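1. Experimental coordinates follow, after the sequence.
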Amino acid sequence: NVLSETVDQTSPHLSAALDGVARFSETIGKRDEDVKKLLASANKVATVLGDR
Amino acid sequence: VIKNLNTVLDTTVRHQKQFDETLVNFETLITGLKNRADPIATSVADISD
């Protein structure tokens, strides 16, 4: 019963959340290699900054 | 943002050794000048006068 009423209550607010999450997730998903290279270069630069 | 930041960061990484050494060298130079700042400032003012 709890699951039934939870789904009945949260259903109208789910489509917009799914759409927004999908779009924002794809924003990084379509640039995976760029993001990973950015993280590696940022690791090098931030290590240089922190050590000094 | 990702593209430009990645470009700048790989540019810095290509000179990572020099970028690391220049911070230490600049700190050493600035400390050496700050330890004598007052004579240096007085000398500059005297030269101008």
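-> Great, that's in hand. Residues are numbered from 1 along each chain as shown, chains lettered A, B, ... in the order given.

2. And the residue of chain B closest to chain A?
-> residue B:9 (3.6 Å; C-beta to the nearest C-beta). C-beta here means a position set from N, CA and C on the backbone, and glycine is covered the same way.

3. Touching, that residue and residue A:41? I think so.
-> Yes. Between residue B:9 and residue A:41 there is a contact at 3.6 Å, judged by C-beta atoms under 8 Å.

4. Get me the contact residues on chain A for chain B.
-> A:31, A:34, A:35, A:37, A:38, A:41, A:42, A:44, A:45, A:48, A:51, A:52 (C-beta under 8 Å from any C-beta of the partner chain).

5. Spell out which parts of chain B neighbour chain A.
-> B:2-3, B:5-6, B:9-10, B:12-13, B:16, B:19-20, B:23-24, B:27.

6. With secondary structure and neighbour count as added columns, please give those residues in a markdown table.
-> Converted to a markdown table, these look like this (DSSP: H, G, I helix; E, B strand; the rest coil; neighbours: other C-beta atoms under 10 Å in any protein chain shown):
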| residue | secondary structure | neighbour count |
| --- | --- | --- |
| B:2 | helix | 13 |
| B:3 | helix | 10 |
| B:5 | helix | 13 |
| B:6 | helix | 20 |
| B:9 | helix | 20 |
| B:10 | helix | 15 |
| B:12 | helix | 16 |
| B:13 | helix | 17 |
| B:16 | helix | 14 |
| B:19 | helix | 17 |
| B:20 | helix | 16 |
| B:23 | helix | 13 |
| B:24 | helix | 11 |
| B:27 | helix | 11 |
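
7. what's the closest of those residues to residue A:22?
-> residue B:2 (19.1 Å; C-beta to C-beta).
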